[PDB]
>>> print(open('final21.cif').read())   # mmCIF, C-alpha atoms
data_input
loop_
_atom_site.group_PDB
_atom_site.id
_atom_site.type_symbol
_atom_site.label_atom_id
_atom_site.label_comp_id
_atom_site.auth_asym_id
_atom_site.auth_seq_id
_atom_site.Cartn_x
_atom_site.Cartn_y
_atom_site.Cartn_z
ATOM 1 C CA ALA A 20 0.000 0.000 0.000
ATOM 2 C CA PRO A 21 1.510 3.226 -1.215
ATOM 3 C CA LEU A 22 1.588 6.772 -0.070
ATOM 4 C CA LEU A 23 -1.272 8.790 -1.552
ATOM 5 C CA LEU A 24 -0.672 12.387 -2.608
ATOM 6 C CA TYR A 25 -3.821 14.541 -2.626
ATOM 7 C CA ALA A 26 -4.786 18.155 -3.102
ATOM 8 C CA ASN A 27 -6.931 19.661 -0.377
ATOM 9 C CA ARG A 28 -7.490 23.282 -1.467
ATOM 10 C CA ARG A 29 -5.437 24.906 1.301
ATOM 11 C CA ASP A 30 -2.605 22.415 1.094
ATOM 12 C CA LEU A 31 -1.247 19.216 -0.552
ATOM 13 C CA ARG A 32 -0.944 16.165 1.732
ATOM 14 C CA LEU A 33 0.561 12.684 1.774
ATOM 15 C CA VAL A 34 -1.062 9.846 3.692
ATOM 16 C CA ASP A 35 0.147 6.326 4.080
ATOM 17 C CA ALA A 36 -2.635 4.092 2.748
ATOM 18 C CA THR A 37 -1.762 1.356 5.255
ATOM 19 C CA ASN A 38 -2.306 3.868 8.059
ATOM 20 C CA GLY A 39 -4.884 6.486 6.989
ATOM 21 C CA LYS A 40 -6.158 6.685 10.571
ATOM 22 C CA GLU A 41 -3.058 8.791 11.321
ATOM 23 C CA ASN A 42 -3.056 12.424 10.271
ATOM 24 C CA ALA A 43 -1.698 13.192 6.812
ATOM 25 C CA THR A 44 1.537 15.098 6.439
ATOM 26 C CA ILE A 45 1.421 18.463 4.724
ATOM 27 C CA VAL A 46 3.766 18.546 1.700
ATOM 28 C CA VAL A 47 2.962 22.132 0.780
ATOM 29 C CA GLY A 48 0.862 24.551 2.788
ATOM 30 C CA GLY A 49 -0.556 28.077 2.415
ATOM 31 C CA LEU A 50 -2.462 27.391 -0.797
ATOM 32 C CA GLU A 51 -5.731 29.077 -1.814
ATOM 33 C CA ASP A 52 -7.603 26.553 -3.943
ATOM 34 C CA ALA A 53 -5.327 23.670 -4.899
ATOM 35 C CA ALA A 54 -7.303 21.363 -7.126
ATOM 36 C CA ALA A 55 -5.239 19.215 -9.552
ATOM 37 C CA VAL A 56 -2.012 17.504 -8.532
ATOM 38 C CA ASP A 57 0.648 15.308 -10.111
ATOM 39 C CA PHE A 58 4.388 14.615 -9.843
ATOM 40 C CA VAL A 59 7.585 13.736 -11.665
ATOM 41 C CA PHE A 60 9.111 11.293 -9.208
ATOM 42 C CA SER A 61 12.591 11.006 -10.826
ATOM 43 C CA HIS A 62 12.961 14.815 -10.849
ATOM 44 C CA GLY A 63 11.701 15.282 -7.289
ATOM 45 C CA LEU A 64 8.847 17.512 -8.437
ATOM 46 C CA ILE A 65 5.211 17.930 -7.358
ATOM 47 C CA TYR A 66 2.902 20.121 -9.472
ATOM 48 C CA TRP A 67 -0.532 21.490 -8.625
ATOM 49 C CA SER A 68 -3.203 23.766 -10.023
ATOM 50 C CA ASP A 69 -4.828 26.568 -8.073
ATOM 51 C CA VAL A 70 -8.195 27.624 -9.418
ATOM 52 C CA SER A 71 -8.166 30.896 -7.473
ATOM 53 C CA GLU A 72 -4.603 31.899 -8.302
ATOM 54 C CA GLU A 73 -5.278 30.792 -11.897
ATOM 55 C CA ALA A 74 -1.947 29.015 -12.100
ATOM 56 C CA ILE A 75 0.031 25.817 -12.063
ATOM 57 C CA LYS A 76 2.854 25.703 -9.535
ATOM 58 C CA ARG A 77 5.571 23.287 -8.503
ATOM 59 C CA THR A 78 7.717 22.325 -5.551
ATOM 60 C CA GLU A 79 10.913 20.302 -5.131
ATOM 61 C CA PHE A 80 9.957 17.564 -2.658
ATOM 62 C CA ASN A 81 13.493 16.246 -1.993
ATOM 63 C CA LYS A 82 14.767 19.671 -0.902
ATOM 64 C CA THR A 83 14.332 21.268 2.476
ATOM 65 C CA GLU A 84 12.799 24.729 2.278
ATOM 66 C CA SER A 85 12.195 24.853 -1.426
ATOM 67 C CA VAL A 86 9.693 27.486 -2.476
ATOM 68 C CA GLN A 87 6.432 27.235 -4.439
ATOM 69 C CA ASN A 88 7.196 28.386 -7.957
ATOM 70 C CA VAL A 89 4.614 29.486 -10.509
ATOM 71 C CA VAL A 90 5.272 27.765 -13.892
ATOM 72 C CA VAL A 91 2.070 28.618 -15.790
ATOM 73 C CA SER A 92 -0.144 31.655 -15.158
ATOM 74 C CA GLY A 93 -3.340 33.121 -16.577
ATOM 75 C CA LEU A 94 -5.255 29.789 -16.406
ATOM 76 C CA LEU A 95 -8.922 30.678 -15.821
ATOM 77 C CA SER A 96 -10.010 27.239 -14.595
ATOM 78 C CA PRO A 97 -7.205 24.647 -14.542
ATOM 79 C CA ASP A 98 -9.341 21.791 -13.389
ATOM 80 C CA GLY A 99 -7.008 18.950 -14.345
ATOM 81 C CA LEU A 100 -3.229 18.427 -14.921
ATOM 82 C CA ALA A 101 -0.919 15.554 -15.759
ATOM 83 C CA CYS A 102 2.859 15.286 -15.795
ATOM 84 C CA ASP A 103 4.586 13.481 -18.660
ATOM 85 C CA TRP A 104 7.510 12.042 -16.710
ATOM 86 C CA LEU A 105 9.059 10.546 -19.918
ATOM 87 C CA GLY A 106 8.905 13.380 -22.443
ATOM 88 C CA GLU A 107 9.194 15.941 -19.564
ATOM 89 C CA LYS A 108 6.017 17.936 -20.292
ATOM 90 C CA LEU A 109 3.052 19.375 -18.430
ATOM 91 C CA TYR A 110 -0.497 18.858 -19.756
ATOM 92 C CA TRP A 111 -3.613 20.524 -18.414
ATOM 93 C CA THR A 112 -7.317 21.112 -19.017
ATOM 94 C CA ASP A 113 -9.126 24.437 -18.651
ATOM 95 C CA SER A 114 -12.862 24.328 -18.311
ATOM 96 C CA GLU A 115 -13.346 28.070 -18.804
ATOM 97 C CA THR A 116 -11.234 28.575 -21.946
ATOM 98 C CA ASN A 117 -12.248 25.053 -23.074
ATOM 99 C CA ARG A 118 -8.753 23.941 -23.929
ATOM 100 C CA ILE A 119 -6.102 21.222 -23.470
ATOM 101 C CA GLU A 120 -2.607 22.701 -23.410
ATOM 102 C CA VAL A 121 1.001 21.421 -23.011
ATOM 103 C CA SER A 122 4.280 22.980 -22.009
ATOM 104 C CA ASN A 123 7.759 22.033 -20.834
ATOM 105 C CA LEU A 124 8.193 21.279 -17.106
ATOM 106 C CA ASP A 125 9.300 24.904 -16.546
ATOM 107 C CA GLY A 126 6.211 26.255 -18.299
ATOM 108 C CA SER A 127 8.067 27.271 -21.470
ATOM 109 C CA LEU A 128 6.956 26.675 -25.047
ATOM 110 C CA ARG A 129 3.208 26.580 -24.325
ATOM 111 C CA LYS A 130 1.146 24.965 -27.106
ATOM 112 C CA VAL A 131 -2.612 24.631 -27.225
ATOM 113 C CA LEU A 132 -3.395 21.106 -28.421
ATOM 114 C CA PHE A 133 -7.215 21.088 -28.480
ATOM 115 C CA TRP A 134 -9.636 23.980 -28.340
ATOM 116 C CA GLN A 135 -12.773 22.715 -30.077
ATOM 117 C CA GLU A 136 -15.557 20.464 -28.865
ATOM 118 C CA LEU A 137 -14.697 20.878 -25.165
ATOM 119 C CA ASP A 138 -17.235 22.041 -22.623
ATOM 120 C CA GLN A 139 -16.292 20.894 -19.119
ATOM 121 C CA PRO A 140 -12.971 19.109 -19.557
ATOM 122 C CA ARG A 141 -11.659 17.756 -16.253
ATOM 123 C CA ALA A 142 -9.444 14.703 -15.633
ATOM 124 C CA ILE A 143 -6.452 13.929 -17.756
ATOM 125 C CA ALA A 144 -4.174 10.901 -17.638
ATOM 126 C CA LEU A 145 -1.136 9.986 -19.740
ATOM 127 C CA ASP A 146 0.463 6.828 -21.094
ATOM 128 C CA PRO A 147 3.781 8.356 -22.157
ATOM 129 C CA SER A 148 5.453 5.184 -23.427
ATOM 130 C CA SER A 149 2.470 4.616 -25.748
ATOM 131 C CA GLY A 150 2.106 8.283 -26.728
ATOM 132 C CA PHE A 151 -1.547 8.545 -25.689
ATOM 133 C CA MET A 152 -3.464 10.970 -23.481
ATOM 134 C CA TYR A 153 -6.976 10.453 -22.072
ATOM 135 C CA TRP A 154 -9.415 13.030 -20.648
ATOM 136 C CA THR A 155 -12.936 13.442 -19.413
ATOM 137 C CA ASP A 156 -15.515 16.103 -20.169
ATOM 138 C CA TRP A 157 -18.637 16.383 -17.928
ATOM 139 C CA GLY A 158 -20.333 19.035 -20.100
ATOM 140 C CA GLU A 159 -23.335 18.988 -22.338
ATOM 141 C CA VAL A 160 -21.878 16.048 -24.266
ATOM 142 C CA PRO A 161 -20.313 13.970 -21.576
ATOM 143 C CA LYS A 162 -17.445 11.769 -22.812
ATOM 144 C CA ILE A 163 -14.032 10.259 -22.379
ATOM 145 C CA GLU A 164 -11.597 10.922 -25.238
ATOM 146 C CA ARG A 165 -8.103 9.869 -26.139
ATOM 147 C CA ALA A 166 -5.564 11.376 -28.488
ATOM 148 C CA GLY A 167 -1.930 11.328 -29.193
ATOM 149 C CA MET A 168 0.192 13.265 -26.711
ATOM 150 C CA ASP A 169 1.226 15.296 -29.784
ATOM 151 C CA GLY A 170 -2.429 16.303 -30.491
ATOM 152 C CA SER A 171 -2.971 13.694 -33.169
ATOM 153 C CA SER A 172 -5.794 11.231 -33.706
ATOM 154 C CA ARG A 173 -8.383 12.520 -31.306
ATOM 155 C CA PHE A 174 -11.182 10.035 -30.704
ATOM 156 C CA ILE A 175 -14.174 9.735 -28.381
ATOM 157 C CA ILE A 176 -13.832 6.367 -26.623
ATOM 158 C CA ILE A 177 -16.828 6.501 -24.209
ATOM 159 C CA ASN A 178 -19.969 8.461 -24.870
ATOM 160 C CA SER A 179 -22.787 6.483 -23.308
ATOM 161 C CA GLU A 180 -23.788 5.764 -19.685
ATOM 162 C CA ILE A 181 -21.782 8.791 -18.653
ATOM 163 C CA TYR A 182 -22.719 12.096 -17.090
ATOM 164 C CA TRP A 183 -20.166 13.414 -14.494
ATOM 165 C CA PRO A 184 -16.931 11.566 -15.415
ATOM 166 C CA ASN A 185 -14.649 13.132 -12.800
ATOM 167 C CA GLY A 186 -11.910 10.619 -12.107
ATOM 168 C CA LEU A 187 -9.735 8.848 -14.605
ATOM 169 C CA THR A 188 -6.685 6.680 -14.273
ATOM 170 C CA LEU A 189 -4.739 3.946 -16.069
ATOM 171 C CA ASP A 190 -3.579 0.488 -15.025
ATOM 172 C CA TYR A 191 -0.209 0.339 -16.836
ATOM 173 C CA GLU A 192 0.303 -3.380 -16.041
ATOM 174 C CA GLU A 193 -3.088 -4.554 -17.313
ATOM 175 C CA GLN A 194 -3.554 -1.896 -19.991
ATOM 176 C CA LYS A 195 -6.935 -0.767 -18.673
ATOM 177 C CA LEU A 196 -8.655 2.587 -18.252
ATOM 178 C CA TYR A 197 -10.712 3.256 -15.082
ATOM 179 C CA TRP A 198 -13.076 6.129 -14.391
ATOM 180 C CA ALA A 199 -15.479 7.363 -11.749
ATOM 181 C CA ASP A 200 -18.830 8.992 -12.473
ATOM 182 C CA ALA A 201 -20.199 11.250 -9.752
ATOM 183 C CA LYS A 202 -23.745 11.444 -11.154
ATOM 184 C CA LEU A 203 -24.125 7.755 -11.888
ATOM 185 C CA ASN A 204 -22.302 6.833 -8.628
ATOM 186 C CA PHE A 205 -19.946 4.177 -10.058
ATOM 187 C CA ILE A 206 -16.459 3.188 -11.151
ATOM 188 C CA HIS A 207 -16.040 1.388 -14.473
ATOM 189 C CA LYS A 208 -13.113 0.080 -16.517
ATOM 190 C CA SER A 209 -12.406 -0.648 -20.151
ATOM 191 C CA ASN A 210 -9.629 -1.374 -22.571
ATOM 192 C CA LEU A 211 -7.646 1.651 -23.615
ATOM 193 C CA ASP A 212 -9.791 2.047 -26.761
ATOM 194 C CA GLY A 213 -12.980 2.018 -24.690
ATOM 195 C CA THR A 214 -13.965 -1.545 -25.651
ATOM 196 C CA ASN A 215 -14.799 -4.357 -23.201
ATOM 197 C CA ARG A 216 -16.292 -1.998 -20.678
ATOM 198 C CA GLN A 217 -17.033 -3.511 -17.200
ATOM 199 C CA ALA A 218 -18.471 -2.254 -13.925
ATOM 200 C CA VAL A 219 -16.079 -2.342 -10.964
ATOM 201 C CA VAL A 220 -18.013 -0.553 -8.250
ATOM 202 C CA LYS A 221 -21.559 -0.798 -9.553
ATOM 203 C CA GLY A 222 -23.176 2.015 -7.549
ATOM 204 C CA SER A 223 -23.502 3.821 -4.213
ATOM 205 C CA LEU A 224 -20.533 6.209 -4.482
ATOM 206 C CA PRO A 225 -21.815 9.629 -3.344
ATOM 207 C CA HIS A 226 -19.605 12.036 -5.258
ATOM 208 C CA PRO A 227 -16.260 10.678 -6.391
ATOM 209 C CA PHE A 228 -13.872 13.347 -7.702
ATOM 210 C CA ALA A 229 -10.470 11.749 -8.494
ATOM 211 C CA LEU A 230 -9.248 8.200 -8.934
ATOM 212 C CA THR A 231 -5.842 6.494 -8.769
ATOM 213 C CA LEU A 232 -4.568 2.886 -8.629
ATOM 214 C CA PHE A 233 -1.727 0.899 -7.091
ATOM 215 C CA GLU A 234 -1.227 -2.848 -7.402
ATOM 216 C CA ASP A 235 -4.663 -4.440 -7.017
ATOM 217 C CA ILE A 236 -6.366 -1.497 -5.268
ATOM 218 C CA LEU A 237 -8.260 1.585 -6.529
ATOM 219 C CA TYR A 238 -8.260 4.724 -4.407
ATOM 220 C CA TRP A 239 -10.489 7.791 -4.821
ATOM 221 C CA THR A 240 -11.538 11.010 -3.170
ATOM 222 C CA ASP A 241 -15.193 11.740 -2.510
ATOM 223 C CA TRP A 242 -16.519 15.303 -2.137
ATOM 224 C CA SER A 243 -19.599 14.306 -0.088
ATOM 225 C CA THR A 244 -17.883 11.908 2.356
ATOM 226 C CA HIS A 245 -14.756 14.076 2.678
ATOM 227 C CA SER A 246 -12.655 10.946 2.526
ATOM 228 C CA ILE A 247 -10.460 8.585 0.498
ATOM 229 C CA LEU A 248 -12.064 5.223 -0.267
ATOM 230 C CA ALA A 249 -10.438 2.025 -1.660
ATOM 231 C CA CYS A 250 -11.524 -1.266 -3.213
ATOM 232 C CA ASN A 251 -10.229 -4.210 -5.197
ATOM 233 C CA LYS A 252 -9.639 -3.177 -8.818
ATOM 234 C CA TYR A 253 -11.054 -6.404 -10.282
ATOM 235 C CA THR A 254 -14.183 -7.056 -8.285
ATOM 236 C CA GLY A 255 -14.929 -3.868 -6.389
ATOM 237 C CA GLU A 256 -14.936 -5.896 -3.215
ATOM 238 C CA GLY A 257 -13.377 -4.792 0.037
ATOM 239 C CA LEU A 258 -14.634 -1.241 -0.202
ATOM 240 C CA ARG A 259 -13.132 0.636 2.781
ATOM 241 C CA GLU A 260 -12.671 4.207 3.894
ATOM 242 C CA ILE A 261 -9.030 4.603 4.628
ATOM 243 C CA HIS A 262 -8.682 8.293 5.468
ATOM 244 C CA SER A 263 -11.483 10.682 6.543
ATOM 245 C CA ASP A 264 -12.300 14.112 7.950
ATOM 246 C CA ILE A 265 -10.514 15.781 5.049
ATOM 247 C CA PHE A 266 -11.215 19.464 4.608
ATOM 248 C CA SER A 267 -11.804 19.428 0.883
ATOM 249 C CA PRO A 268 -10.288 16.457 -0.938
ATOM 250 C CA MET A 269 -9.452 17.033 -4.608
ATOM 251 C CA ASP A 270 -7.098 15.241 -7.011
ATOM 252 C CA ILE A 271 -5.130 12.193 -5.874
ATOM 253 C CA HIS A 272 -2.275 9.914 -6.987
ATOM 254 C CA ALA A 273 -0.491 6.846 -5.669
ATOM 255 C CA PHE A 274 2.865 8.532 -5.007
ATOM 256 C CA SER A 275 5.440 5.993 -6.215
ATOM 257 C CA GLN A 276 8.214 5.678 -8.756
ATOM 258 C CA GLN A 277 6.570 2.393 -9.756
ATOM 259 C CA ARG A 278 3.636 4.419 -11.107
ATOM 260 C CA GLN A 279 6.052 6.158 -13.455
ATOM 261 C CA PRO A 280 8.215 3.254 -14.512
ATOM 262 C CA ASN A 281 11.477 3.713 -16.484
ATOM 263 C CA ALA A 282 11.271 3.690 -20.275
ATOM 264 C CA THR A 283 13.393 4.982 -23.137
ATOM 265 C CA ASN A 284 12.478 8.513 -24.233
ATOM 266 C CA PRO A 285 12.042 8.255 -28.027
ATOM 267 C CA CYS A 286 13.405 11.832 -28.309
ATOM 268 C CA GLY A 287 16.743 10.385 -27.264
ATOM 269 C CA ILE A 288 19.404 12.716 -26.129
ATOM 270 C CA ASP A 289 18.941 15.505 -28.724
ATOM 271 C CA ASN A 290 15.298 16.417 -28.218
ATOM 272 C CA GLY A 291 14.337 14.381 -31.305
ATOM 273 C CA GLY A 292 16.201 16.934 -33.413
ATOM 274 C CA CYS A 293 13.238 19.180 -32.643
ATOM 275 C CA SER A 294 13.927 22.863 -32.221
ATOM 276 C CA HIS A 295 11.208 23.400 -29.620
ATOM 277 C CA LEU A 296 8.900 20.696 -28.239
ATOM 278 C CA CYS A 297 9.539 16.988 -28.612
ATOM 279 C CA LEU A 298 6.174 15.415 -27.717
ATOM 280 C CA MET A 299 5.347 11.761 -27.290
ATOM 281 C CA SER A 300 3.431 10.239 -30.240
ATOM 282 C CA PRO A 301 1.460 6.988 -30.637
ATOM 283 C CA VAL A 302 3.070 6.180 -33.955
ATOM 284 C CA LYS A 303 6.609 5.449 -34.973
ATOM 285 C CA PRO A 304 9.182 6.940 -34.240
ATOM 286 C CA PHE A 305 7.022 7.669 -31.168
ATOM 287 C CA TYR A 306 7.800 11.377 -30.914
ATOM 288 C CA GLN A 307 6.578 14.347 -32.899
ATOM 289 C CA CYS A 308 8.199 17.768 -33.005
ATOM 290 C CA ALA A 309 5.998 20.685 -32.185
ATOM 291 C CA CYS A 310 6.013 24.476 -31.743
ATOM 292 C CA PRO A 311 4.455 27.019 -29.418
ATOM 293 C CA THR A 312 0.914 28.173 -30.119
ATOM 294 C CA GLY A 313 0.624 29.934 -33.479
ATOM 295 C CA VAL A 314 4.056 28.914 -34.679
ATOM 296 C CA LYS A 315 4.509 26.813 -37.851
ATOM 297 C CA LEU A 316 6.648 23.694 -38.162
ATOM 298 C CA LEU A 317 8.904 23.802 -41.257
ATOM 299 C CA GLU A 318 8.961 21.168 -44.009
ATOM 300 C CA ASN A 319 11.598 19.025 -42.242
ATOM 301 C CA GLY A 320 9.104 18.160 -39.531
ATOM 302 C CA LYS A 321 11.541 19.349 -36.886
ATOM 303 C CA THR A 322 12.351 23.042 -36.986
ATOM 304 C CA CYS A 323 9.856 25.738 -35.981
ATOM 305 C CA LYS A 324 9.800 28.774 -38.155
ATOM 306 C CA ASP A 325 12.214 31.180 -36.424
ATOM 307 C CA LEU B 38 -22.587 24.817 -9.925
ATOM 308 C CA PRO B 39 -23.369 21.201 -9.058
ATOM 309 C CA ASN B 40 -20.072 19.294 -9.725
ATOM 310 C CA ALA B 41 -18.197 22.520 -10.532
ATOM 311 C CA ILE B 42 -14.886 23.053 -8.736
ATOM 312 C CA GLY B 43 -15.797 25.751 -6.212
ATOM 313 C CA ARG B 44 -14.101 29.015 -5.407
#
>>> encode(input="final21.cif", output="structure tokens")
Amino acid sequence: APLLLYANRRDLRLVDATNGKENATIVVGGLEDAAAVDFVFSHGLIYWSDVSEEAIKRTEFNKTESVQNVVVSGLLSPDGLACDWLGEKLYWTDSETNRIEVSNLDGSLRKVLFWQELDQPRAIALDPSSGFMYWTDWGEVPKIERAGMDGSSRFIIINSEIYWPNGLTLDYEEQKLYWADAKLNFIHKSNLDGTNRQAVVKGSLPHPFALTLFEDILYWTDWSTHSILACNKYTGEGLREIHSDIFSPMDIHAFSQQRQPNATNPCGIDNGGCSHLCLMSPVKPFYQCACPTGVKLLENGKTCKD
Amino acid sequence: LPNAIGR
């Protein structure tokens, strides 16, 4: 049972899932409205969104007295973010500007990837070594979509029996997608293309917000119970509350290197020969060069117009 | 506002 990292509006916390009766430890305090959270374990980084400060920030968790540092600003409603620990990129959703955007880990070279047919985008999860990204949208057309991490090949993978898809995660060992619906009160799973859908927790979840996974156990936050719940990822059995009395639980991850396992970066050692962004891609050679918003890629497929 | 991320 891993440590669980969760946002909590005023702070980010870590709790040991084998001992959630104990009080969590505060990783970063003095926050206004921390909502999304993720990490790059190998770099010693934790990132979060703040929906009042309209920003994504980061902290260096292996240093003593390291500051909070703003890396992306002007984000009207950054309701979801994911760290690409392989390609070294930062992806996020914005439910007010209706966008999915990427940048480098320091916030540089921002590129809007999607800006059409989004209403209430929320969760976002990455499979960097396959070059795919997955997100939810709880708006007027509720759905789960996937696309290349380079913005290619966008596809709706779930569009039925869905209404408030809030939580989304991947099982990297089994190659499965899991999601939690706060209106339909359930957690389901499917293959990565949306096929072979199955119920895991069939009902009775009051208001799940974010979902993560470690080994054979799912973990999620619930806005109505103010707690983290867990159950078996195959059967939904063994449903237990492991940590409760949380001020305002938000996004959550199993905080482990094993959830970001080592793989070769297809960009190699020279940024893919790309002048600006080298993004993961689902097709060979498994990266795609890219440029900041509004900037054209030249005919070589590598160099942004200078 | 139901399901929206508050404040």
>>> resolve_selection(input="final21.cif", expression="the PyMOL selection byres ((chain B) within 8 of (chain A))", output="list in words")
residues 40, 42 and 44 of chain B
>>> write_last_selection(input="final21.cif", atoms="C-alpha atoms", output="tab-separated table (two decimals), in the frame of the given file")
chain	number	residue	atom	x	y	z
B	40	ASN	CA	-20.07	19.29	-9.72
B	42	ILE	CA	-14.89	23.05	-8.74
B	44	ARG	CA	-14.10	29.02	-5.41
>>> resolve_selection(input="final21.cif", expression="the PyMOL selection byres ((chain A and resi 176) around 8)", output="PyMOL selection string")
chain A and resi 162-165+174-175+177-178+212-214
>>> closest_residue(input="final21.cif", among="A:56, A:45, A:145, A:34", to="residue A:191", atoms="only C-alpha atoms")
A:145
>>> resolve_selection(input="final21.cif", expression="the PyMOL selection byres ((chain A and resi 100) around 6)", output="compact mmCIF listing (two decimals) with C-alpha atoms, keeping the file's coordinate frame")
# COMPACT_ATOMS: atom_id res chain seq x y z
CA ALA A 55 -5.24 19.22 -9.55
CA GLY A 99 -7.01 18.95 -14.34
CA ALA A 101 -0.92 15.55 -15.76
CA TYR A 110 -0.50 18.86 -19.76
CA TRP A 111 -3.61 20.52 -18.41
>>> atom_distance(input="final21.cif", atom1="atom CA of residue A:241", atom2="atom CA of residue A:225")
7.0 Å
>>> atom_distance(input="final21.cif", atom1="atom CA of residue A:198", atom2="atom CA of residue A:233")
14.5 Å
>>> atom_distance(input="final21.cif", atom1="atom CA of residue A:24", atom2="atom CA of residue A:280")
17.4 Å
>>> closest_residue(input="final21.cif", among="A:33, A:206, A:309, A:43", to="residue A:263", atoms="all atoms listed in the file")
A:43
>>> axis_aligned_box(input="final21.cif", around="stretch 34-50 of chain A", padding_each_side="6 Å", output="lines of an AutoDock Vina configuration file")
center_x = -1.2
center_y = 14.7
center_z = 5.3
size_x = 21.9
size_y = 38.7
size_z = 24.1
>>> residues_around(input="final21.cif", residues="stretch 77-92 of chain A", least_positions_apart="3", cutoff="9 Å", atoms="all atoms listed in the file", output="PyMOL selection string")
chain A and resi 46-47+58+62-68+72-74+95+122+124-127+129
>>> write_last_selection(input="final21.cif", atoms="C-alpha atoms", output="tab-separated table (two decimals), keeping the file's coordinate frame")
chain	number	residue	atom	x	y	z
A	46	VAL	CA	3.77	18.55	1.70
A	47	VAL	CA	2.96	22.13	0.78
A	58	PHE	CA	4.39	14.62	-9.84
A	62	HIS	CA	12.96	14.82	-10.85
A	63	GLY	CA	11.70	15.28	-7.29
A	64	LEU	CA	8.85	17.51	-8.44
A	65	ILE	CA	5.21	17.93	-7.36
A	66	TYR	CA	2.90	20.12	-9.47
A	67	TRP	CA	-0.53	21.49	-8.62
A	68	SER	CA	-3.20	23.77	-10.02
A	72	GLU	CA	-4.60	31.90	-8.30
A	73	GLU	CA	-5.28	30.79	-11.90
A	74	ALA	CA	-1.95	29.02	-12.10
A	95	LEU	CA	-8.92	30.68	-15.82
A	122	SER	CA	4.28	22.98	-22.01
A	124	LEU	CA	8.19	21.28	-17.11
A	125	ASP	CA	9.30	24.90	-16.55
A	126	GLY	CA	6.21	26.26	-18.30
A	127	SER	CA	8.07	27.27	-21.47
A	129	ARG	CA	3.21	26.58	-24.32
>>> residues_near_point(input="final21.cif", point="(-5.3, 16.4, -29.6)", cutoff="12 Å", atoms="only C-alpha atoms", output="NGL selection string")
:A and (110 or 112 or 118-121 or 130-137 or 150-154 or 164-175 or 298-301)
>>> residues_around(input="final21.cif", residues="residue A:40", least_positions_apart="6", cutoff="12 Å", atoms="all atoms listed in the file", output="list in words")
residues 34, 246, 247, 260, 261, 262, 263, 264 and 265 of chain A
>>> write_last_selection(input="final21.cif", atoms="C-alpha atoms", output="mmCIF file, in the frame of the given file")
data_model
loop_
_atom_site.group_PDB
_atom_site.id
_atom_site.type_symbol
_atom_site.label_atom_id
_atom_site.label_comp_id
_atom_site.auth_asym_id
_atom_site.auth_seq_id
_atom_site.Cartn_x
_atom_site.Cartn_y
_atom_site.Cartn_z
ATOM 1 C CA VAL A 34 -1.062 9.846 3.692
ATOM 2 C CA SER A 246 -12.655 10.946 2.526
ATOM 3 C CA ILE A 247 -10.460 8.585 0.498
ATOM 4 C CA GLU A 260 -12.671 4.207 3.894
ATOM 5 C CA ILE A 261 -9.030 4.603 4.628
ATOM 6 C CA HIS A 262 -8.682 8.293 5.468
ATOM 7 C CA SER A 263 -11.483 10.682 6.543
ATOM 8 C CA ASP A 264 -12.300 14.112 7.950
ATOM 9 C CA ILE A 265 -10.514 15.781 5.049
#
>>> residues_around(input="final21.cif", residues="residue A:44", least_positions_apart="2", cutoff="12 Å", atoms="only C-alpha atoms", output="PyMOL selection string")
chain A and resi 22-27+30-35+38-39+41-42+46-48
>>> build_atoms(input="final21.cif", residues="chain B", atoms="N, CA and C atoms", output="tab-separated table (two decimals), in the frame of the given file")
chain	number	residue	atom	x	y	z
B	38	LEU	N	-23.49	24.95	-11.05
B	38	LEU	CA	-22.59	24.82	-9.93
B	38	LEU	C	-22.51	23.37	-9.41
B	39	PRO	N	-23.61	22.59	-9.47
B	39	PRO	CA	-23.37	21.20	-9.06
B	39	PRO	C	-22.22	20.62	-9.92
B	40	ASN	N	-21.31	19.96	-9.20
B	40	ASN	CA	-20.07	19.29	-9.72
B	40	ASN	C	-18.98	20.27	-10.13
B	41	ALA	N	-19.26	21.57	-10.18
B	41	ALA	CA	-18.20	22.52	-10.53
B	41	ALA	C	-17.16	22.58	-9.40
B	42	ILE	N	-15.92	22.86	-9.76
B	42	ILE	CA	-14.89	23.05	-8.74
B	42	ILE	C	-15.13	24.45	-8.15
B	43	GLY	N	-15.41	24.51	-6.84
B	43	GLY	CA	-15.80	25.75	-6.21
B	43	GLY	C	-14.63	26.68	-5.99
B	44	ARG	N	-15.00	27.95	-5.82
B	44	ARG	CA	-14.10	29.02	-5.41
B	44	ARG	C	-12.64	28.75	-5.79
